Amino acid sequence: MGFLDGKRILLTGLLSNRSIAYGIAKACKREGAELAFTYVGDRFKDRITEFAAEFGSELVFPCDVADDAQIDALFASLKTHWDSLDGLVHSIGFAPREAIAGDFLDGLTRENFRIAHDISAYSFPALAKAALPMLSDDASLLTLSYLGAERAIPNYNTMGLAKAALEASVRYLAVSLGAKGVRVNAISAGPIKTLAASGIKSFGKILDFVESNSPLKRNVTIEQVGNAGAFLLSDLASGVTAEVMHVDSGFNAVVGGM
Amino acid sequence: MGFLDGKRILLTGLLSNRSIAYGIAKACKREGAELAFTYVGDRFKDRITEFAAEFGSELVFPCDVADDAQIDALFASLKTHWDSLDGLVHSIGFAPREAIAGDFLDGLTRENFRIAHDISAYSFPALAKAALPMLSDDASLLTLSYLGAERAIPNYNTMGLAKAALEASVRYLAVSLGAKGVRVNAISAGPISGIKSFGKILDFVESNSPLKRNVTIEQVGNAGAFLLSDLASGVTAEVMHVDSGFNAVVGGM
Amino acid sequence: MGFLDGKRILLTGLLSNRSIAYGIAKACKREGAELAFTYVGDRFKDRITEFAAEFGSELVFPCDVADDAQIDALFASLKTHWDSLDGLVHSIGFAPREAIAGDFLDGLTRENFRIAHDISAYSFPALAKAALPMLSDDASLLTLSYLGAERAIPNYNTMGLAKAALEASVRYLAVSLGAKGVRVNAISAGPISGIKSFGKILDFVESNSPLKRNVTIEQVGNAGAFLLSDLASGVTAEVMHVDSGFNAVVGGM
Amino acid sequence: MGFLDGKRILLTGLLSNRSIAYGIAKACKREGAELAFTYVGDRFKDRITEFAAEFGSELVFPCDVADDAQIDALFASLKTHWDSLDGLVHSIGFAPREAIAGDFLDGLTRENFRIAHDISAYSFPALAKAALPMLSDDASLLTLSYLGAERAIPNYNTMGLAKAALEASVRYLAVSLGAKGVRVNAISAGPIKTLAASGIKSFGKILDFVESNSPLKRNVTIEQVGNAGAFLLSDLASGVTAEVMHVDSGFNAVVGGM
Ligand SMILES: Cc1c(CN(C)C(=O)CCc2cnc3c(c2)CCC(=O)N3)oc2ccccc12
Ligand SMILES: Cc1c(CN(C)C(=O)CCc2cnc3c(c2)CCC(=O)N3)oc2ccccc12
Ligand SMILES: Cc1c(CN(C)C(=O)CCc2cnc3c(c2)CCC(=O)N3)oc2ccccc12
Ligand SMILES: Cc1c(CN(C)C(=O)CCc2cnc3c(c2)CCC(=O)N3)oc2ccccc12
């Protein structure tokens, strides 16, 4: 009797047990969703398969969002298992490292900019468009953003631009798809420690500053982000579209550190 | 089973079966909350008692939020039934009628400004402060707001000012109460009857919103039950739109 | 041939040569404006008179903005000197001291809230309304705000709420006054003595703002002059940050 | 005498006396600045040369912002004439036609997305980066954006995403350059009628709606946008950076049509 009962939700970005996508998956499964997952590259298939099985699913598909054919095949393959799709979680972002270390301009090149946007902003509406023919009439699309879209956070740099584009795509997609009853949202999550953050030099300080300065005085968890994800993907949030929802212990709403 | 199981929640602002507080009350009860209600004066005692009965409740209290003594006596009477409070819903908003019709300037007075801000903004942190001694560490406080806080809406007038104050109090409250663990949020609900100019708004929203429909008290209620629950434990200092996407477009062009 | 040539501008809140109001007067005077000034209290009359002479003006008027009849008298008297008014600077902000120190709830009382809103928010549209019969069609109204309207700042507390309502009154005034052609804006000024928490803010802004300096009353004065002039004739309902970009960052990490 | 006396300012995007760049050039020249101009394509050399002559200038340089070599050579050429640069006006934006007509997903393709963001967003911080070694200690860089960055506007589509990134780049540029005294802002101009807008099928409808609903009940003029631009470029605005200033008759701040 969970609030996502019988719902069919496809999740991208589940790379480890630290992943935001892992949190959303746990929360969706708890609430009775049926889940499917995507992965990048042939060799990653046992790993996503093991995660999927621990959520009662054997539904896993390759998708490198850089590649048009993989985006089309993804949904073509999903359709042989699922007649329609109720939920879509887009939890992917990447810019070449040098575009997010040090100075914004030192790390800016046309190629760095192009890649960060292609992968971190473009992919979301491209997934939506590819999904559209099989979306149910009350489907819900969710993307992951971060406060750096709204305000300049030190080495976030080129990713800030691409997150701002992604949030705008949340508004444009809502208008497009809403005519079909489909909802589109983002969660602007607080920082979360993953393996990929080990190469981010200021990450420890960000975590420290957020713990010390957010209203709840704690970093957020993938359980919290997960549960908010599940709500936005459910019928409980049918009044809600085009929204950027902060799940960040309130951090965005303060001027910390003074 | 339900996501508000055993949660004890106090609702202010219930006036009819079409109130947002009614939608929130319905959704909270379905998810397993125990409910309490306020009313403003013996004139509304009977309506409100009867709504509480519908939700299996007998905890109904007078509270005119112009009155500090009534605010304090509320939680003193509440404390005789409940050791601690998990949730507060603020759904009270008022300005004298002339302050929300016609032109902003022409109908503005200090009195009307005073009352609007007193009833519609001050009263939320005031309930919050009077509640604090009995608030559980992971309590959740929810106010209701409107897009007129953010952008100028014809005839919303002094209410737009008072709702902006309301949304800033959400932020200062979250900072103040947060170390304890208490969360503070609003829903910026779309419109939900029968005034002429209301009609025109309802039509414009239905036409122009991303989802091409007005929101319901069911939808607002569910989003509220969510913010009042532990599912929302990551979320505080948020003004969440529940409007069909309307805030997010430039309609009508 | 300065950009406010011939323009007649009334300024409130001039208290010292360290006032934002003093910066705006000075820039306005450099660009060719004629100035008038309000003050509060017969103890202050000679200082405002002295300030006003420094700017080539002998027009000073009493106006306690808490008092309706002084607001009306203000423009009754100004009218005996100027046929029409081109600019208005609203630079008054007050909350009782406890309401801007320490915890938000601790310093929250109805009286503290009522007063902070009455003086800091209500008084802006109130002046606008009283001035309307004598405003030129291309008049420009300017208020001062601060970032605590937007996001919770540590001691700003009650005043955060009043500034939020102030920024909304800017938008509603823009709609209410714009057909005639009047423009209404705010500057959200960064900090510019006394407080130890203040030195803390000053240092934080200086370290973290994109321009790595605090703003001055010259910088806020030049921006005010611009918004008061025909150069800004396209700009209304705006809250312009003059804060070295501070609002635009997450500092301290 | 003028509030931009002795300032040397380079302006892109001047196509005709209807361009926003033309408004800004004219205000700037009135206030005492010396000007230089970019143009795209040799077919346009003559026109832009007459505009520059009209502004008492003969400094015109070719610059397709799609092309790194041209961006680099622009500043190399500019340097043979000017010691330093005090102003930069970025007034350029483009997405393929289909990406700005009709439904957002309809004209969404990877290449349309790439072109829109490359020309409309990337080109701003790239000009700033190429300009950096000659920027004066109080230089001011100014870009033009539009309300479509903030809320979804009906055919604005891919260009809303590009303007959102551009607005985020204002903030990143402002942190990156700001320690050396350099200011960075956008003007979010209300719609302005050029030969390009026509059409753009909805443009007359937008113009009518902005006129009926804006606080000032009128569309903005290039003179108004030009004067605000002139201000941001001056020492009058030396307290102002990382700002997106609306010059749109207050239109952004209302809910129109109800
Ligand atoms: C927070 C935060 C994050 C996490 N986050 C919210 C993000 O949105 C993305 C982080 C990210 C994006 N792309 C890459 C990497 C990290 C690492 C290695 C790589 O090749 N590409 O990353 C930051 C980078 C700099 C500053 C802050 C942050
Ligand atoms: C929407 C909308 C609403 C609903 N809403 C979101 C509100 O926030 C408050 C509405 C409201 C506040 N105070 C009073 C009344 C209505 C009616 C009678 C009375 O004596 N006082 O009211 C409007 C009034 C004018 C314009 C728009 C709206
Ligand atoms: C900056 C900053 C300021 C300046 N600012 C932008 C303000 O808006 C200050 C407003 C203010 C309001 N009420 C009073 C006082 C100042 C002084 C003395 C008094 O009795 N009442 O004030 C703060 C108060 C707390 C935290 C930061 C700040
Ligand atoms: C206003 C408004 C404008 C003006 N504006 C603010 C813009 O940013 C326009 C941008 C634009 C981008 N790409 C192209 C064109 C214009 C014309 C011709 C072409 O081939 N490509 O354009 C719109 C497009 C759709 C909806 C509204 C608007």
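Laboratory data are not the source of any read-out in this text; all were calculated from the coordinates shown. Cβ placement follows ideal geometry from the backbone for every residue including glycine, while neighbour counts extend to all protein chains displayed.
Computed quantities for the displayed model
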| read-out | value |
| --- | --- |
| Packing-based order for A:242-248, D:220-226, B:193-199, using average beta carbon neighbours within 10 Å, highest first | A:242-248, D:220-226, B:193-199 |
| 22 Å Cα-Cα reach of B:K196 towards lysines, excluding residues that sit fewer than 8 places from it in its own chain | B:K212 |
| Compactness of the protein assembly as shown - radius of gyration and Dmax, Cα, Å | 28.0, 87 |
| Pair B:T49, B:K212: separation of 7 Å Cα→Cβ label points (nm) | 4.8 |
| Rounded to 10°, Cα long-axis angle of helix A:20-30 versus longest principal axis of chain A | 40 |
| Percent of beta bridges antiparallel (DSSP, chain A, rounded to nearest 5) | 0 |
| Calculated P(r) of the stretch A:1-63 - Cα pairs past 12 Å, % | 62 |
| Candidate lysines - alpha carbon under 20 Å from C:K29, same-chain residues fewer than 8 apart omitted | C:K7 |
| Value in Å of the Kirkwood radius, where the stretch A:125-249 supplies the Cα pairs that are averaged | 15.5 |
| Dipole magnitude of the protein assembly as shown about its Cα centre (Cβ charges: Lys, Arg +1; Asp, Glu -1), debye to nearest 20 | 180 |
| Charge dipole (chain C, unit charges on Cβ, about Cα centre) - positive-most of C:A128, C:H90, C:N155 | C:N155 |
| Inter-part distance where the stretch A:1-67 and the stretch D:46-91 are each reduced to a Cα centre, Å | 52 |
| Between helix A:68-79 and chain A: long-axis angle, C-alpha atoms, 0 to 90°, nearest 10 | 40 |
| Pairs of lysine residues in chain A - Cα separation under 21 Å, sequence separation of 8 or more or cross-chain | 20 |
| Those GluC sites (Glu not before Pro) in the stretch A:1-80 that DSSP places in a loop and that have at most 11 other beta carbons within 10 Å | A:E58 |
| Pairwise FRET efficiency - B:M134 versus B:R110, Cβ, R0 = 41 Å, nearest 0.05 | 0.70 |
| Share of alpha-carbon pairs per 5 Å distance bin for chain A, given as whole % | 1, 6, 13, 18, 20, 18, 12, 7, 3, 1, 0, 0 |
| Low-density loop cleavage sites - GluC sites (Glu not before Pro) in the stretch C:20-83, where at most 11 other Cβ are within 10 Å (DSSP) | C:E58 |
| Spatially proximal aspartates and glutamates relative to B:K45 (Cα-Cα < 18 Å; intrachain offsets below 8 disregarded) | B:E54, B:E58, B:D64, B:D67 |
| Sparsely packed trypsin sites (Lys or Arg not before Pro) within the stretch C:1-99, loop by DSSP, other Cβ within 10 Å at most 13 | C:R18, C:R43 |
| Largest to smallest principal axis extent of the C-alpha atoms in chain B, angstrom | 53, 41, 37 |
